[PDB]
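Report on the structure given below.
Atoms within a ligand are numbered from 1 in the order they appear, just like the ligands themselves. Chain identifiers are assigned alphabetically (A, B, ...) following the order of the sequence lines, protein sequences preceding nucleic acid strands; residue numbering begins at 1 within each chain.
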There are 2 protein chains.
Amino acid sequence: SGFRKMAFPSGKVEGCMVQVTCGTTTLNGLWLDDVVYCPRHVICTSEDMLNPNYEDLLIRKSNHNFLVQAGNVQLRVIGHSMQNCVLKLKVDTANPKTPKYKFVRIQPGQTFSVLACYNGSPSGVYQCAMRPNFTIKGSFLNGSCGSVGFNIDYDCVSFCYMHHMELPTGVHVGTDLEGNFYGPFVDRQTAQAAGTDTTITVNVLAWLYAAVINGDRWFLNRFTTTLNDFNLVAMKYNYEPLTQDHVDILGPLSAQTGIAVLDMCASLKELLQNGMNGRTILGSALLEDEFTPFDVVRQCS
Amino acid sequence: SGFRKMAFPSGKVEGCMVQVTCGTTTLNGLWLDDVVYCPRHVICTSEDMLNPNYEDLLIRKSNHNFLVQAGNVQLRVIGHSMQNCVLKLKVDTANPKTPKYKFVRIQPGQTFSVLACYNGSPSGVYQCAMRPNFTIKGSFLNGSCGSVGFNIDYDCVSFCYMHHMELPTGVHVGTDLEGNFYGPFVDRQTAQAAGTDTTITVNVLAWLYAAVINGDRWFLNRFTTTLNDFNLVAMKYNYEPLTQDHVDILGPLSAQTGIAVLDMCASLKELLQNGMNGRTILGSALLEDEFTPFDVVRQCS
Ligand SMILES: *C(=N)[C@H](C[C@@H]1CCNC1=O)NC(=O)[C@@H]1[C@@H]2[C@H](CN1C(=O)[C@@H](NC(=O)C(F)(F)F)C(C)(C)C)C2(C)C
Ligand SMILES: *C(=N)[C@H](C[C@@H]1CCNC1=O)NC(=O)[C@@H]1[C@@H]2[C@H](CN1C(=O)[C@@H](NC(=O)C(F)(F)F)C(C)(C)C)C2(C)C
């Protein structure tokens, strides 16, 4: 019993973290096989960052300009190329600690574990959700770029995120491991804004099943609702429309607890219009949308 | 920028997790050098657990009765002994992945990272605080016993906790890595109760410094207070007395932000008597006491 914001065991990813230094700039890199992946603003000076021309900056660099360090060992760079906003540095040594891996592009609403690094040294691990406006509510200081977001399926590490920037609102933005940003952001030091964020409805309902599995069941009411009547009520609260695909994903939890998805929508509909009346759910006073149905099935089954 | 409940990178501990099976019972073990540490109720049947005599159960066992598995490899047990509520099994192979380590007894109020395991396989990592009533608010299913709590000082793993039980209230109890329970609990399946829990005052103030470092500063008032006048007001809210030792520990944060500890106590005193008036601090609607001053200095400096 018990429900906690859990992160994946980061050990497989720790063995891949390297420190990439170019000129005076130092950030983190992901060393998988004979290639190191890192944000392309490692080739920037502080003056360059206000408006950089990464293609112009990179042509002026050679393999020896990049200082890659794996612990105390310096890895000799034998090739370099840029894929969108990521820089790939081929090295003479393949990582013996390289786990089984794939590079995926997560969808908004899905979660991942962030392994926060500084100087190629992991410092901490925490769980994040890719918001519908394509930002994450992380905790990143200077030098944290190149810290990656990942999920673990038994023995396979699916890397889905690489840290690049922090917005004026405090939220964090980054790319997939192919260099493509999540959201309409560019890697230049200029004022940038994220779109309107919405509440991930399927995650709130999944978190309500986790609450029932844990004995918190005061919000359970006797009514049912239609998917259409739930979406009209939830619309004014900035809740994304719950689709049939979301109802299908909620199946395993609904089968386990014996509470139909549409009966749980009627419970949430009351919580939306009437509030919590000073009560808490799973210790929290606010409804939570950062736990996906799979994250709930992971701990509560 | 950003403030998150962060856990230590669990990689060093993952390389120490083994699966200990005796008879039909299977739980986790911590393999450091040539010794495996595990809860002593691995030698119990389900009937034995209501009221066990572990000394009587263990004398009936020999080295071959214990099945220790490190991945696919079975470790041959060449010795066994019981230290309080932990069982130590000497093995013929010393763990090549054993990190630099020490065994510590944490104080109430301090935090640690829990690496949750099942069948000797790590499944997740999360941060816990040892409550003043000696319980933790974890998330443990069946077979999670032997999952350890730890802190990492650069390269040294200080193991401070091992999971044993879940109380009727939902909270979790365990021993240090010497077999001594935290709190007045016994490892038998009987109704057990934890004492009255209190609010860790020094952690609330540390979390208020993290909030100011992050731009959340609406609660900052113009007043100061004495340590004595703060403790009298906080007493009725079930806040533990803030001692001079706590004020000294809060020094680094107070120096960094430029807010005196006694000025932050006056801000908290207002929050205690007047409430939050519908406002949140660091996104939370309730005051938080699970982040120690060192946890704040870790991310916010
Ligand atoms: C990479 N190590 C840092 C991580 C930053 C440090 C503070 N928290 C973070 O997320 N990334 C940067 O410093 C990038 C980098 C130049 C500027 N920058 C930013 O994240 C800036 N933000 C933006 O420009 C904005 F608003 F568009 F997102 C900064 C003002 C420093 C927070 C480049 C090349 C984009
Ligand atoms: C070890 N793998 C489990 C972990 C349990 C499983 C559910 N969540 C947990 O923390 N530990 C046990 O099953 C121990 C074990 C017998 C009973 N037990 C308990 O934790 C029970 N609780 C208590 O007896 C109580 F209330 F005193 F804490 C249980 C009712 C199963 C939750 C022994 C030997 C104590």
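- Between A/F112 and A/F8, a ring centre-to-centre spacing not shorter than 6.0 Å is recorded.
- Note on ring orientation: taking the six-membered ring where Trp is involved, the planes of A/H41 and A/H164 are perpendicular (angle over 60°, cut-offs 30° and 60°).
- Under the 30°/60° scheme for interplanar angles, the aromatic rings of B/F185 and B/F181 are found to stand perpendicular.
- Between B/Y161 and B/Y182, the ring-plane angle classifies as parallel under the 30° and 60° cut-offs.
- Between B/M130 and the options B/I106, B/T111, B/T135, a side chain to side chain contact (heavy atoms under 4.5 Å, CB included) holds for only B/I106.
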N/O to N/O under 3.5 Å, ligand 1 against protein:
unit_1, atom_1, unit_2, atom_2, d
ligand 1, 2 (N), A/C145, N, 3.0
ligand 1, 8 (N), A/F140, O, 2.9
ligand 1, 8 (N), A/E166, OE1, 3.0
ligand 1, 10 (O), A/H163, NE2, 2.8
ligand 1, 10 (O), A/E166, N, 3.4
ligand 1, 11 (N), A/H164, O, 2.9
ligand 1, 20 (O), A/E166, N, 2.9
ligand 1, 22 (N), A/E166, O, 2.9

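- Between B/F103 and B/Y37, the distance from one ring center to the other falls under 6.0 angstrom.
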